[PDB]
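Each remark here refers to the structure printed beneath this line.
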Amino acid sequence: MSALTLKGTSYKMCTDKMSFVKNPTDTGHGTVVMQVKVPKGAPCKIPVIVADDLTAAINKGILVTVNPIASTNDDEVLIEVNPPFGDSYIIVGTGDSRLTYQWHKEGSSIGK
């Protein structure tokens with residue numbers, strides 16, 4: 001849903017070599033929390049997606065933390081995202097340089 005940035009209100013995704021400084025982990029609040037990295041070449045709006053596919057063509061999840069830019073070429077922003085109940089694939093980036101991490105989220109019957 002909102003995981004891919006604000007439609008017509010925000011700039012392009014990083015496609016230089018990305019990674020997580022911290023991989024997504026469940027918060028116990030219905031969300032997964034992470035820290036992502038940029039290195040060179042790429043002024044970008046910070047690209048953290050939640051998908052039905054390991055390579056993020058689909059956009060299924062919600063941003064919980066804000067969507068800034070990289071303030072430097074080396075920037076590293078801290079984000080919570082929200083998947084639905086069931087599976088999701090958490091992606092960092094666009095182009096070949098994008099990384100992926102699998103999550104499953106429990107039913108809304110327990111709400112964590």
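Each chain in the structure tokens gets a letter, A, B, ..., in the order shown, and its residues are numbered from 1; ligands are numbered from 1 in order too.
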- Message: I need the strand (DSSP E) residues of segment 4-51 of chain A per DSSP on the backbone, written as a ChimeraX atom specification.
- Response: /A:19-26,32-37,48-51
Find the residues around segment 42-57 of chain A up to 10 Å (only C-alpha atoms counted), leave out those fewer than 6 positions away in its own chain, and share them as a PDB file with C-alpha atoms, in the first residue's frame.
ATOM      1  CA  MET A   1       0.000   0.000   0.000  1.00  0.00           C
ATOM      2  CA  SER A   2       2.056   3.032   1.252  1.00  0.00           C
ATOM      3  CA  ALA A   3       5.401   1.082   1.392  1.00  0.00           C
ATOM      4  CA  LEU A   4       6.262   2.338  -2.130  1.00  0.00           C
ATOM      5  CA  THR A   5       6.414   6.180  -1.645  1.00  0.00           C
ATOM      6  CA  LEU A   6       3.766   8.957  -2.005  1.00  0.00           C
ATOM      7  CA  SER A  10       8.030  12.023  -3.770  1.00  0.00           C
ATOM      8  CA  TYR A  11      11.303  11.266  -5.596  1.00  0.00           C
ATOM      9  CA  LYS A  12      12.999   8.076  -6.947  1.00  0.00           C
ATOM     10  CA  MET A  13      14.348   4.944  -5.210  1.00  0.00           C
ATOM     11  CA  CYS A  14      18.058   4.158  -4.587  1.00  0.00           C
ATOM     12  CA  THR A  15      19.682   1.661  -7.053  1.00  0.00           C
ATOM     13  CA  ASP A  16      23.299   1.752  -5.808  1.00  0.00           C
ATOM     14  CA  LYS A  17      24.420  -1.220  -3.586  1.00  0.00           C
ATOM     15  CA  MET A  18      21.991  -1.411  -0.622  1.00  0.00           C
ATOM     16  CA  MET A  34      14.915  -2.073  10.519  1.00  0.00           C
ATOM     17  CA  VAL A  36      18.913   0.432   5.901  1.00  0.00           C
ATOM     18  CA  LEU A  63       4.802   2.572   6.298  1.00  0.00           C
ATOM     19  CA  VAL A  66       8.308   8.337   7.973  1.00  0.00           C
ATOM     20  CA  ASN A  67       9.684   8.391   4.379  1.00  0.00           C
ATOM     21  CA  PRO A  68      12.628  10.918   4.198  1.00  0.00           C
ATOM     22  CA  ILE A  69      15.579  11.114   1.720  1.00  0.00           C
ATOM     23  CA  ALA A  70      19.241  10.166   2.056  1.00  0.00           C
ATOM     24  CA  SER A  71      20.774  13.405   3.562  1.00  0.00           C
ATOM     25  CA  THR A  72      24.265  12.093   2.555  1.00  0.00           C
ATOM     26  CA  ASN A  73      25.406   9.422   0.036  1.00  0.00           C
ATOM     27  CA  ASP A  74      26.167   7.146   3.076  1.00  0.00           C
ATOM     28  CA  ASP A  75      22.823   7.762   4.910  1.00  0.00           C
ATOM     29  CA  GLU A  76      21.068   5.129   7.047  1.00  0.00           C
ATOM     30  CA  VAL A  77      17.423   5.686   8.075  1.00  0.00           C
ATOM     31  CA  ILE A  79      11.979   2.396   9.772  1.00  0.00           C
ATOM     32  CA  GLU A  80       8.995   0.376  11.019  1.00  0.00           C
ATOM     33  CA  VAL A  81       6.714  -1.187   8.351  1.00  0.00           C
ATOM     34  CA  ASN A  82       3.367  -3.038   8.738  1.00  0.00           C
ATOM     35  CA  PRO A  83       2.466  -6.124   6.605  1.00  0.00           C
ATOM     36  CA  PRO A  84      -1.065  -7.675   6.589  1.00  0.00           C
ATOM     37  CA  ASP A  87       3.193 -13.722   4.576  1.00  0.00           C
ATOM     38  CA  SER A  88       5.199 -10.789   3.153  1.00  0.00           C
ATOM     39  CA  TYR A  89       8.589 -10.124   1.538  1.00  0.00           C
ATOM     40  CA  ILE A  90      10.373  -6.995   2.852  1.00  0.00           C
ATOM     41  CA  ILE A  91      12.562  -5.338   0.143  1.00  0.00           C
ATOM     42  CA  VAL A  92      15.220  -2.576   0.477  1.00  0.00           C
ATOM     43  CA  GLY A  93      15.957  -0.691  -2.803  1.00  0.00           C
ATOM     44  CA  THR A  94      15.214  -0.763  -6.560  1.00  0.00           C
ATOM     45  CA  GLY A  95      17.259  -2.207  -9.477  1.00  0.00           C
ATOM     46  CA  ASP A  96      19.552  -5.281  -9.137  1.00  0.00           C
ATOM     47  CA  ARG A  98      17.759  -4.274  -3.905  1.00  0.00           C
ATOM     48  CA  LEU A  99      17.870  -6.801  -0.977  1.00  0.00           C
ATOM     49  CA  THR A 100      14.982  -8.948   0.435  1.00  0.00           C
ATOM     50  CA  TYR A 101      13.873 -10.511   3.800  1.00  0.00           C
ATOM     51  CA  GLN A 102      10.921 -12.902   4.477  1.00  0.00           C
ATOM     52  CA  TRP A 103       8.300 -12.275   7.218  1.00  0.00           C
TER      53      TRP A 103
END
- Note on the structure: Taken to one decimal, the atom CA of residue 9 of chain A-atom CA of residue 27 of chain A distance is 28.8 Å
